[PDB]
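Structure record follows, encoded as structure tokens.
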Number of protein chains: 2
Amino acid sequence: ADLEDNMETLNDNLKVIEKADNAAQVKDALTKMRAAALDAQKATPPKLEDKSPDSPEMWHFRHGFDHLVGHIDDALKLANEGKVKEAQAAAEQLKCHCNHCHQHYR
Amino acid sequence: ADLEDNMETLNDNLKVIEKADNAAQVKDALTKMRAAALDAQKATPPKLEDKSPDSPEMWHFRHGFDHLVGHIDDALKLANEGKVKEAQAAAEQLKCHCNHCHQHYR
Ligand code: HEC
Ligand code: HEC
Ligand SMILES: [Ca+2]
Ligand SMILES: [Ca+2]
Ligand SMILES: [Ca+2]
Ligand SMILES: [Cu+2]
């Protein structure tokens, strides 16, 4: 599961959550996203391939995933309570977490 | 203040953070946005003036500001720490969040 596969998994499950019909289906997609993010966090992006692994830039990159994961966890709390709509809206605001790391690192 | 003035505070102080040279300027600008975000959170926006205060439509409106304040706080830490270029880049990233709430209720 290389980084590009993890990104597709994130991308694919956003679509799943948008057309989901109950909070349990959003929960399932959010959990798959959450593991794809933690798996993605392990990797090194191409835009930093020759920088040092312990660099400030690799830690900034790794922290972008903690910011995304914490949004996923906030959405998971709504899904687990059955608030399908509110959790669907939550998953929509993940888009900015995707973008904030994308600018400087994609 | 009313919602529009708070928004003016948010919009002008973003540009100020963009043009500031030192950390005391970013911090001062970030602090005004924080109070304006928390004050705007209490308002009802026109495009929702006929719904009811505990709808998932206006749950979403208030939660947008908790998330905005959280990122202003990330930027304030960096400023307080003296990383002007990093606080300036934290603050530029708020606009994705601005535009997301805007797409819905502006
Ligand atoms: C950093 C902390 C990131 C976060 C959060 C998200 N993404 Fe990402 N994404 C990132 C990088 C460095 C890259 C490039 C990797 C490469 O090998 O080029 C990507 C790429 C994508 C892609 C395209 C993948 C490809 O085929 O090259 C997609 C579709 C994508 N990212 C989607 C996506 C979504 C939906 C996110 C939030 C839910 C998201 N990413 C977060 C880095 C980071
Ligand atoms: C919801 C959670 C919002 C967030 C986050 C931000 N804004 Fe906003 N904004 C919101 C509404 C409902 C409105 C319309 C209010 C109205 O009475 O029309 C706005 C409007 C603005 C405007 C226009 C102000 C005007 O001239 O009438 C500006 C310039 C603006 N907002 C800026 C702005 C910025 C820079 C933000 C984040 C950094 C931001 N807003 C966040 C709702 C929400
Ligand atoms: Ca690539
Ligand atoms: Ca459907
Ligand atoms: Ca106006
Ligand atoms: Cu965020």
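Every chain in the structure tokens takes a letter, A first, then B, and so on in the order presented; its residues are numbered from 1, and the ligands are numbered from 1 following the presented order.
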Just need the residues of chain A within 8 Å of chain B, counting only C-alpha atoms, so spit them out as JSON, numbers by chain.
{"A": [85, 86, 89, 93, 96, 100]}
Please dump the current selection as a PDB file, in the first residue's frame; keep C-alpha atoms.
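Saved file result-v3.pdb follows:
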ATOM      1  CA  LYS A  85     -26.179  14.294   7.987  1.00  0.00           C
ATOM      2  CA  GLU A  86     -23.892  16.098  10.457  1.00  0.00           C
ATOM      3  CA  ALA A  89     -21.055  17.526   6.493  1.00  0.00           C
ATOM      4  CA  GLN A  93     -14.751  19.824   5.534  1.00  0.00           C
ATOM      5  CA  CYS A  96      -9.515  21.590   3.318  1.00  0.00           C
ATOM      6  CA  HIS A 100      -3.581  22.332   3.146  1.00  0.00           C
TER       7      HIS A 100
END
Write as a PDB file with N, CA, C and O atoms, in the first residue's frame the residues around ligand 3, taking 12 Å as the cut-off and counting only C-alpha atoms and all ligand atoms.
ATOM      1  N   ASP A   2       1.347   1.629  -1.187  1.00  0.00           N
ATOM      2  CA  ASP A   2       2.167   2.823  -1.295  1.00  0.00           C
ATOM      3  C   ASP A   2       1.295   4.068  -1.185  1.00  0.00           C
ATOM      4  O   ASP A   2       0.061   4.015  -1.211  1.00  0.00           O
ATOM      5  N   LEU A   3       1.976   5.202  -1.079  1.00  0.00           N
ATOM      6  CA  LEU A   3       1.328   6.475  -0.787  1.00  0.00           C
ATOM      7  C   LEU A   3       0.221   6.799  -1.777  1.00  0.00           C
ATOM      8  O   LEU A   3      -0.812   7.351  -1.393  1.00  0.00           O
ATOM      9  N   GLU A   4       0.427   6.473  -3.059  1.00  0.00           N
ATOM     10  CA  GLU A   4      -0.564   6.804  -4.073  1.00  0.00           C
ATOM     11  C   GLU A   4      -1.833   5.989  -3.882  1.00  0.00           C
ATOM     12  O   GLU A   4      -2.934   6.515  -4.063  1.00  0.00           O
ATOM     13  N   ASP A   5      -1.701   4.716  -3.482  1.00  0.00           N
ATOM     14  CA  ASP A   5      -2.870   3.897  -3.163  1.00  0.00           C
ATOM     15  C   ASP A   5      -3.629   4.459  -1.972  1.00  0.00           C
ATOM     16  O   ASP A   5      -4.866   4.397  -1.932  1.00  0.00           O
ATOM     17  N   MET A   7      -3.864   7.588  -1.058  1.00  0.00           N
ATOM     18  CA  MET A   7      -4.551   8.799  -1.501  1.00  0.00           C
ATOM     19  C   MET A   7      -5.832   8.466  -2.268  1.00  0.00           C
ATOM     20  O   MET A   7      -6.873   9.099  -2.054  1.00  0.00           O
ATOM     21  N   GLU A   8      -5.773   7.473  -3.165  1.00  0.00           N
ATOM     22  CA  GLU A   8      -6.984   6.974  -3.819  1.00  0.00           C
ATOM     23  C   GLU A   8      -8.001   6.473  -2.796  1.00  0.00           C
ATOM     24  O   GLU A   8      -9.207   6.713  -2.937  1.00  0.00           O
ATOM     25  N   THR A  44       7.294   8.733   2.509  1.00  0.00           N
ATOM     26  CA  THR A  44       7.934   9.979   2.161  1.00  0.00           C
ATOM     27  C   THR A  44       7.375  10.478   0.836  1.00  0.00           C
ATOM     28  O   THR A  44       7.312   9.711  -0.138  1.00  0.00           O
ATOM     29  N   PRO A  45       6.946  11.732   0.757  1.00  0.00           N
ATOM     30  CA  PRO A  45       6.395  12.251  -0.489  1.00  0.00           C
ATOM     31  C   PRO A  45       7.492  12.471  -1.514  1.00  0.00           C
ATOM     32  O   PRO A  45       8.656  12.684  -1.148  1.00  0.00           O
ATOM     33  N   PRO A  46       7.158  12.459  -2.805  1.00  0.00           N
ATOM     34  CA  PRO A  46       8.188  12.749  -3.810  1.00  0.00           C
ATOM     35  C   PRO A  46       8.826  14.108  -3.612  1.00  0.00           C
ATOM     36  O   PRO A  46      10.052  14.234  -3.727  1.00  0.00           O
ATOM     37  N   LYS A  47       8.038  15.128  -3.271  1.00  0.00           N
ATOM     38  CA  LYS A  47       8.590  16.473  -3.123  1.00  0.00           C
ATOM     39  C   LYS A  47       9.581  16.614  -1.962  1.00  0.00           C
ATOM     40  O   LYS A  47      10.081  17.724  -1.733  1.00  0.00           O
ATOM     41  N   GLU A  49      11.908  13.746  -1.391  1.00  0.00           N
ATOM     42  CA  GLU A  49      12.545  12.434  -1.474  1.00  0.00           C
ATOM     43  C   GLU A  49      14.017  12.479  -1.093  1.00  0.00           C
ATOM     44  O   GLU A  49      14.544  11.503  -0.546  1.00  0.00           O
ATOM     45  N   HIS A 102      -1.669  19.490   0.537  1.00  0.00           N
ATOM     46  CA  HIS A 102      -1.390  19.358  -0.892  1.00  0.00           C
ATOM     47  C   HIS A 102      -0.584  20.531  -1.427  1.00  0.00           C
ATOM     48  O   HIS A 102       0.320  20.339  -2.248  1.00  0.00           O
ATOM     49  N   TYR A 105       3.119  20.075  -0.408  1.00  0.00           N
ATOM     50  CA  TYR A 105       3.706  18.736  -0.413  1.00  0.00           C
ATOM     51  C   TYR A 105       3.251  17.832  -1.541  1.00  0.00           C
ATOM     52  O   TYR A 105       3.957  16.861  -1.838  1.00  0.00           O
ATOM     53  N   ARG A 106       2.106  18.079  -2.158  1.00  0.00           N
ATOM     54  CA  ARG A 106       1.710  17.249  -3.288  1.00  0.00           C
ATOM     55  C   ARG A 106       2.482  17.660  -4.539  1.00  0.00           C
ATOM     56  O   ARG A 106       2.772  18.847  -4.731  1.00  0.00           O
TER      57      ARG A 106
END
Among chain A, which residues carry a DSSP assignment of helix (DSSP H, G or I), reported as a ChimeraX atom specification?
/A:3-18,23-41,46-48,56-80,84-92,94-105
For residue 40 in chain A: contacts at 8 Å, only C-alpha atoms, fewer than 2 positions along chain excluded, given as a PyMOL selection string
chain A and resi 2-3+6-7+36-38+42-43+65
Would you save the residues from that selection as a compact mmCIF listing (two decimals), in the first residue's frame, using C-alpha atoms?
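Output (part.txt):
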# COMPACT_ATOMS: atom_id res chain seq x y z
CA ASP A 2 2.17 2.82 -1.29
CA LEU A 3 1.33 6.47 -0.79
CA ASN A 6 -3.58 5.52 0.20
CA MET A 7 -4.55 8.80 -1.50
CA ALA A 36 -5.17 5.00 4.86
CA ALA A 37 -4.05 8.29 6.44
CA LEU A 38 -2.03 6.60 9.17
CA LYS A 42 4.56 6.48 7.25
CA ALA A 43 5.77 7.33 3.76
CA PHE A 65 -1.93 13.62 8.75
Proximity to ligand 6 - best of B:77, B:83, B:19, B:71, only C-alpha atoms and all ligand atoms
B:71
Straight-line distance linking atom 8 (Fe, counted along the ligand's line) of ligand 1 with CA of residue 11 in chain A, stated in Å to one decimal:
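These atoms are spaced 8.1 Å apart.
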May I have the residues within 9 Å of ligand 4, computed using only C-alpha atoms and all ligand atoms, as a PyMOL selection string?
chain A and resi 16+18-21
Just write the chosen residues, C-alpha atoms, as a short mmCIF file (atom, residue, chain, number, x, y, z; two decimals), in the first residue's frame.
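Contents of the output file again.cif:
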data_model
loop_
_atom_site.label_atom_id
_atom_site.label_comp_id
_atom_site.auth_asym_id
_atom_site.auth_seq_id
_atom_site.Cartn_x
_atom_site.Cartn_y
_atom_site.Cartn_z
CA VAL A 16 -18.74 6.85 -0.53
CA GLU A 18 -21.33 11.66 0.22
CA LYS A 19 -23.74 9.06 -1.24
CA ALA A 20 -24.07 7.10 2.01
CA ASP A 21 -27.54 6.36 3.32
#
Please determine, counting only C-alpha atoms, which residue among A:52, A:31, A:13, A:22 has the shortest atom-to-atom distance to residue 76 in chain A.
A:31
Ranking A:88, A:26, A:17, A:98 by minimum distance to ligand 6 and counting only C-alpha atoms and all ligand atoms, which one comes first?
A:98
Tell me, in Å to one decimal, how far CA of residue 41 in chain B is from atom 25 (C, counted along the ligand's line) of ligand 2.
15.8 Å
Using only C-alpha atoms, can you tell me which of A:24, A:58, A:1, A:10 comes closest to residue 82 in chain A?
A:24
Distance atom 32 (C, counted along the ligand's line) of ligand 2-CA of residue 68 in chain B, one decimal place?
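It comes out at 11.9 Å.
Taking only C-alpha atoms and all ligand atoms into account, ligand 1 lies nearest to A:66 out of the set A:81, A:74, A:66, A:50.
Proximity ranking of B:14, B:91, B:23, B:84 relative to ligand 6 places B:91 first, based on only C-alpha atoms and all ligand atoms.
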